[PDB]
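From the sequence below, what's the structure:
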Amino acid sequence: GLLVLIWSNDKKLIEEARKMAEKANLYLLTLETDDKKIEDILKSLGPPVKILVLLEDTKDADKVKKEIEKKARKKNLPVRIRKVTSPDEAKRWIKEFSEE
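Numbering: from 1, shown residues only. Find the structure here:
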């Protein structure tokens, strides 16, 4: 049970992560609507799902980091956040979590 979340408004980061996660039969979401989209999909995974989050260091990123981790504790879901800007690094972190 591995879920991927990413909030970086880059054209290539988002697109690259989609393909790589899809390759390992994962699901990734951009952070805009959390409660409705994320819970629906994560509930479809089945077992206790571990969430791998990519948060690029942007101005707003601190509020999203806040909301993610607050909801992480609230919804008792294992979440690991990495601040990365790189399509290659993204592909790595995703795939290293895909092998669980």
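
Would you map the strands across the chain?
2-7, 27-30, 50-55, 79-82 (DSSP state E).

For residue 44, which of the ones you listed is the nearest?
strand 27-30 (8.2 Å; C-beta to C-beta). The C-beta positions use only the backbone N, C-alpha and C, and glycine is treated the same way.

re the thing from before, could the strands of the chain go into CSV alongside mean neighbour count and distance to residue 18?
Output for the strands of the chain, formatted as CSV (neighbours: other C-beta atoms under 10 Å; distance: least, C-beta to C-beta, whole Å):
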stretch, mean neighbour count, distance to residue 18
strand 2-7, 22, 9
strand 27-30, 18, 6
strand 50-55, 21, 12
strand 79-82, 15, 17
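
So which of these is nearest residue 43?
strand 2-7 (10.4 Å).

now that closest one and strand 50-55, what's the angle there?
20 degrees (axes from the mean of the first three to the mean of the last three C-alpha atoms, to 10 degrees).

what residues does strand 2-7 touch?
With C-beta atoms under 8 Å, 6 or more residues apart in numbering as the test, strand 2-7 has contacts from 13-14, 17, 21, 26-31, 38, 41-42, 45, 49-56, 58, 61, 64, 68, 90, 94, 97-98, 100.

just stretch 69-85 next, same as before
8, 10, 13, 34-35, 39, 42, 48-57, 61, 65, 68, 90, 93, 97.

Buried residues of that stretch, list them for me.
71, 72, 77, 79, 81, 84 (16 or more other C-beta atoms under 10 Å).

how much distance is there from it to the middle of the chain?
Distance of stretch 69-85 from the chain centroid (C-alpha atoms, centre = their mean, to the nearest Å) equals 9 Å.

ok, residue 46 - contacts?
Counting by C-beta under 8 Å, 6+ apart, residue 46 makes contact with residue 1.
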